[PDB]
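Trainee:
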Amino acid sequence: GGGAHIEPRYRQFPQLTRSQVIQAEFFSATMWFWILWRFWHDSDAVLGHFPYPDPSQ
Amino acid sequence: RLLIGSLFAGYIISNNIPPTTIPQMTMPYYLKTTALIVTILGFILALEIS
Amino acid sequence: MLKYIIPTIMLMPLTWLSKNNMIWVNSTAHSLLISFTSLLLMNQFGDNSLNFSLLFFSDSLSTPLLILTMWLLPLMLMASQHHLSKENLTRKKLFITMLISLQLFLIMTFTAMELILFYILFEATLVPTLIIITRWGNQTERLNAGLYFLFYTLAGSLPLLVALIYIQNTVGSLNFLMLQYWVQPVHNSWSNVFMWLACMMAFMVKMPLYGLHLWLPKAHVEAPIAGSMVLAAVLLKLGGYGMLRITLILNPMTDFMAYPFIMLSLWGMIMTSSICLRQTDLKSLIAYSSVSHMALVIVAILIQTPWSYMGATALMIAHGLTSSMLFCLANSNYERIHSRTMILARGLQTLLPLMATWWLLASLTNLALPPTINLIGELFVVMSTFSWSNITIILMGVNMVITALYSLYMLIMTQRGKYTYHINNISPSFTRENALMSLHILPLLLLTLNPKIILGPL
Amino acid sequence: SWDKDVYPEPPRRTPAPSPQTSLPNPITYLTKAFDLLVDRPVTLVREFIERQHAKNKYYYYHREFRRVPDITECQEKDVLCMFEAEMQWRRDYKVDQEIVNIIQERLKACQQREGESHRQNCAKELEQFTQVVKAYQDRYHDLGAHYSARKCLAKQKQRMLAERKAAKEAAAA
Amino acid sequence: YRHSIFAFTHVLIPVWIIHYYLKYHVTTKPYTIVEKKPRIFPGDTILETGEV
Amino acid sequence: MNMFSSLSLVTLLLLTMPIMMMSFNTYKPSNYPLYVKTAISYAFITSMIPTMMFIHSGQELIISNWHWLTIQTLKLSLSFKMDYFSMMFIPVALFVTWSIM
Amino acid sequence: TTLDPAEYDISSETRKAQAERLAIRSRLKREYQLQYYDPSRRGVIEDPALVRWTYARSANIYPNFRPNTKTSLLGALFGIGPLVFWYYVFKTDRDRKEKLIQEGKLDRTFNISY
Amino acid sequence: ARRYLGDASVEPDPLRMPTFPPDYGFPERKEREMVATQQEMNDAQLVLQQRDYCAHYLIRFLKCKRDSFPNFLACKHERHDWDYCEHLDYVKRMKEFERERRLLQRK
Amino acid sequence: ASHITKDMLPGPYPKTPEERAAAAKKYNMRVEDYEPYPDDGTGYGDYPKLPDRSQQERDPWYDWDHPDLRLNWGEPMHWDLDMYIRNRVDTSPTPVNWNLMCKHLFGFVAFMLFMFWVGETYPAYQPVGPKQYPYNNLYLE
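Structure representation (structure tokens):
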């Protein structure tokens, strides 16, 4: 037929290709590195604060 | 292609626009992360209930 | 003009005069040719309409409508061929003659120059049609379709000749439409209603209102082999246009009583399409379409104010094809399986793959996808008939819903697994099956490119 | 092209350049590129036929009719004389449709020409536009007889109401 | 490698045809494509003057 | 600016080529999908170009092309709109569908 | 709501004398498959319940009809009734809208269509 | 809405401003607060509710935006100070519930 | 070309046992409660003797149900009774006749009153009386 290139599993938990996961894991950085600049430099709110308009005079 | 064109996307699209409106930009406390404030315990109630 | 009646009557001894079986191809060959003549001098004006003779202006009028009438003839012999090959040639020579004998008057009518050539030629059919229904029927219920087809059509069209002879000697001469340049109005009385009612009701009994249509499915359910004259009887009906020649004038100013013809056919339009959903016989199912979005023109015509005639003309020849072609499908699929019962045929679409896209493009033009003629023929209806009163958007807005469940349920009934017991249905649609089923969708959609050739004067 | 005063438009006002900056602009690597893959296969061919077309020059003329027929002609019951008195009136109702077309497109040139202001400019079209159509459906529009177009029989019997009512019955005038 | 005219028979046939229907065209229609204004900024004839 | 609109329609006229050439174009065999899948790829980079042209000078466009029937007064022909919802979205809706097939 | 639909009821043991309710049907599915399995058929089966399904439904009523019970004179409440109503709705409009078109002008002057 | 007198040109969507449109104004502070030049206000492309205060200021914001094209940031202090123009305005307009509170109380 | 006595004739009764089953066996024994009875409320020509009706409802259910075919595909020889609404109808649900949807669809109708109020955030409620003042109350300057 087509080919044998991988056999199935009886729940012996098949093996990976070893370039399958590493090539992916470099994209586990792109969320954890690109999350860098969140708190640097930005705070929970970069706003300025309303100073309670006391001068009703 | 997507996940790469995902993360960078939101900032590229947004960063380049002629601004069409005025957002308030003065956001007092307790109105602020009030969404994030809810999700924080969502995950709490996610796993605790799972 | 004689450019037309003379060759098409010259057809008449092109047929019998011939030999044995060469007959069909002999006349189908020529009968196409006349279509060059059909356009030939036609599709002149335009403005200040064409009248080339004393008693004929062929069609100027911007009701061209005649080119189709000359189509459907050599669509019959491709259509009618199936089971008519089983009886004698001197009878087969007949059925081609009377069928022409129809085609000769529909060229005479639509021109007529006047009222009184119209009528005697408006009643001049029913000699050729009635003879095709009663002979070469199928069931034995046909014999009653013979009567019902008369005793309506003729029943109230005699009050024409009482009225049109009443006008001829009242105001000048009706000899010519193109002179109405003197017309006085019709104000009111208990006499004039009748005049307006006599000059009208004869036409209604052809294009049905929701009353007095009791004949229409009686004749179509049981009717000749191919729909051989059933394609023609879907030309005949819409040819009640002449109400466009009258009600534009000749008692213009009574709209007073229009309302019993509005609210009577306007609530039937939402109606008889809905009594079409549970039908168990397929050539019935199509016969009730033909009422519905035909009967919408009767609320297009009565209202004045063009943008209706923009949209009322496109409809007479809108289903003129789509409603024609469906009777051509349901014929074919009946050749193979001899019940007309809709249930029985299921599990097709595997076994006749090419005829898949034939159902679809048909059932898609009742849906009226926007680009084709169908909507651009409906959306000039809704635009004026909205201005009449805003509330018309509801009912005729419902029409645009029930008709969609209406059409699909006919297709989607033929998508199922059925292998079931049929050893029949082998023939994979020999060319005529798919040839005559074309020459509809090709010419139909095509017109949308330059659709200024289907329009009224307004 | 066309006739200037038939289709007037305001002038160009080309924007000034503002480089201001030390960084490369890619359009100058395209408008300098795209131009060179266009003009050759394009402009040479239009020049190619337009001289190839110098070999023959046809003619089609500008069709202008002859107006004797009037509106007050002639007999009451008449046919010949009142056959034409529509041909005057029918063409002159096919004109007055299109003069609404031309004046309408000129309106659009008040918007996307500008579109930011849409209000403080143009001075003309809208304040004129609704002074145009109000000069349209009155007396030039036979309604609701528009189905019959009621040519010249009803055309002057709005305008009898526009006479036998206005200017006299107005009370007091 | 080439397989360099397949992309050319693809795009380069239309790009020719489509523009030949434009260069000969835009000035034919009395009002064709509607392109908007330049949106001029005080970099031409103007002073600022603020900055305030 | 002359190339401004003209390149948009490229995106539009292209995708009709995968249809016309299904009926005796001497069709590409199976991997007919690839015939389309590349017929996509060049459309996105085609649409990528005018995106930048707008985010400089603005200047949206429409087209006047082709007169369909003109009834009483209103004259409907056809057009296209280059507007702010047109410039950004369209590259996106093609960009995903680039990856989807 | 529509309906219980009585998935349990009384039983047991009465009407266990009721048998051969299946003998009615078991006869046919024996005979039907005795019909349906044959080498040479190539065609549909009579299936009378369908013949008596339409023909006792479409036709065979106006023959059976009698114009008597005033629940068959009901239809005046159905057929004619709302058809008068739609006249009552309209004829008020087309007038209320007409009166204003004369005295006073509701529309604008940029309406040429109509 | 300070000067309520007529409009020579009738152009609404207030291409006829009172003079320049304020939010409300003045009443006293500031009697004439002063905005920007109208001749340049709609000479550029300026949306409504871009005609409020800090028109002079925000017209410069986009100036540099158009300067560096291939860039995600121009001035994050100006956009910050754009509040310092606007926040200062808005807070100056938080004072209208202070006056009316104690002014419309007893006296 | 079925010759004589094709369909129902003038019932409901002539010899209820004569019909089912002479031909057209709706009932076996002439009482299955399938006897050609169900001419309930006659004088309506509708459904004459009819080896037919009120046999029960809610669907052919289209499942294993596999003597041969038995429901909507495969066509057992002759049972046919009433049909044509049977391809858009099924059987018993889990709950029964609880309209809690009209409850929930009116659940928000409680918050109709929440419409008559506003949501203005700044300032708070601060129970007041004559403190409201949406725009102005007292003098301008």
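So the protein lines, in turn, are chains X, Z, E, S, W, C, G, A and V.
Throughout, PDB author numbering is defined as the position within the first sequence, counted from one, plus 37.
Throughout, PDB author numbering is defined as the position within the second sequence, counted from one, plus 455.
For the third sequence, position 131 matches number 131 in PDB author numbering, and the numbering has no gaps at all.
Throughout, PDB author numbering is defined as the position within the fourth sequence, counted from one, plus 3.
Throughout, PDB author numbering is defined as the position within the fifth sequence, counted from one, plus 64.
For the sixth sequence, position 92 matches number 92 in PDB author numbering, and the numbering has no gaps at all.
Throughout, PDB author numbering is defined as the position within the seventh sequence, counted from one, plus 15.
Throughout, PDB author numbering is defined as the position within the eighth sequence, counted from one, plus 5.
Throughout, PDB author numbering is defined as the position within the ninth sequence, counted from one, plus 28.
Idealized CB from N, CA, C, for every residue including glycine.
1) Taking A404(E) and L367(E) to be in contact with their CB atoms under 8 Å, please state how far apart those CB atoms are, rounded to whole angstroms.
2) Beta carbon of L61(C), beta carbon of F4(C): below 8 Å?
3) Report the start-end ranges of each beta strand (DSSP E) in the stretch 299-341 of chain E that is 3 residues or longer and not cut off at the edges.
4) Within 8 Å, do at least three Cβ pairs link the stretch 89-101 of chain S to the stretch 85-94 of chain G?
5) For a contact defined as C-beta to C-beta under 7 Å, what are the partners of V90(W) on chain S?
6) What's the C-alpha gap between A79(A) and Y95(A)?
7) Could you tell me which chain C residues have their CB closer than 7 Å to the CB of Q100(S), listed as they occur along the chain?
8) What's the C-alpha gap between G240(E) and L158(E)?
9) Looking at chain G, which residues of the stretch 229-262 of chain E have a Cβ within less than 7 Å of any of its Cβ atoms?
10) Could you work out which residues of chain A lie near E119(S), taking near to mean beta carbons separated by less than 9 Å?
11) For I459(Z) and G465(Z), I'd like the C-alpha separation in whole angstroms.
12) Using three-state DSSP, classify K92(E) as helix, strand or coil.
13) Can you tell me the Cα-Cα spacing of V193(E) and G227(E), whole angstroms?
14) Along chain G, which residues have their Cβ under 7 Å away from the Cβ of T280(E)?
15) At the 8 Å Cβ level, is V116(W) part of the contact set with chain A, yes or no?
16) Is the beta carbon of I39(G) less than 8 Å from the beta carbon of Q50(G)?
17) Using a beta-carbon distance below 8 Å, is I55(C) in contact with chain Z?
18) Touch check for the stretch 153-168 of chain E and the stretch 135-143 of chain E: three-plus C-beta pairs under 8 Å?
19) Roughly how many angstroms lie between the CA atoms of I116(E) and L54(E), to the nearest whole one?
20) Can you give, in chain order, each stretch of the alpha helix (DSSP H) that sits fully within the stretch 86-142 of chain V and has at least 4 residues?
21) If you check the beta carbons only, do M325(E) and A287(E) fall under 8 Å apart?
22) Which residue wins for smallest C-alpha separation from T46(S), given the options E115(W), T96(W), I81(W) and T109(W)?
23) In angstroms, rounded to a whole number, what distance separates the CA positions of residue 485(E) and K283(E)?
24) First and last residue of the alpha helix (DSSP H) that includes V401(E)?
25) Give me the chain C residues within the contact set of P451(E), using Cβ-Cβ distance strictly less than 7 Å, ordered along the chain.
26) Within the 8 Å Cβ cut-off, does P44(S) reach chain W?
27) So is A223(E) buried or exposed if we call it buried at 16+ other beta carbons inside 10 Å?
28) Does the CB of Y153(V) have a neighbour CB from chain B at under 8 Å?
29) Are the Cβ atoms of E16(A) and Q159(S) separated by less than 8 Å?
30) For the putative contact between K77(V) and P64(V), defined by C-beta atoms under 8 Å, what is the C-beta separation to the nearest angstrom?
31) Taking the alpha helix (DSSP H) that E79(S) belongs to, which residues open and close that run?
32) Quick check: the Cα distance between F430(E) and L354(E), rounded to an integer number of angstroms?
33) Can you grab the Cα-Cα spacing for the pair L109(V) / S41(G), in whole Å?
34) Buried or exposed: where does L285(E) fall if 16 or more other Cβ atoms within 10 Å of its Cβ makes it buried?
35) Find out if the Cβ-Cβ distance for the pair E119(S), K87(W) is shorter than 8 Å.
36) Is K100(A) close to chain X, meaning its C-beta is less than 8 Å from at least one C-beta of that chain?
Mentor: Straight from the coordinates:
1) 6 Å
2) yes
3) none
4) no
5) By Cβ distance, chain S contributes nothing, its closest Cβ being about 10 Å from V90(W), past 7 Å.
6) 24 Å
7) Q72 and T73
8) 16 Å
9) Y259
10) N47, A49, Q50, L51 and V52
11) 11 Å
12) helix
13) 39 Å
14) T69
15) yes
16) no
17) yes
18) no
19) 14 Å
20) 129-133
21) no
22) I81(W)
23) With chain E represented from 1 up to 458, any question about residue 485(E) goes unanswered, as that position is not in the structure.
24) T392 to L411
25) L69
26) yes
27) buried
28) The structure shown contains no chain B; the protein chains it does contain are X, Z, E, S, W, C, G, A and V.
29) no
30) 5 Å
31) Unbroken run through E79(S): none, as it is neither H nor E.
32) 11 Å
33) 17 Å
34) buried
35) no
36) yes
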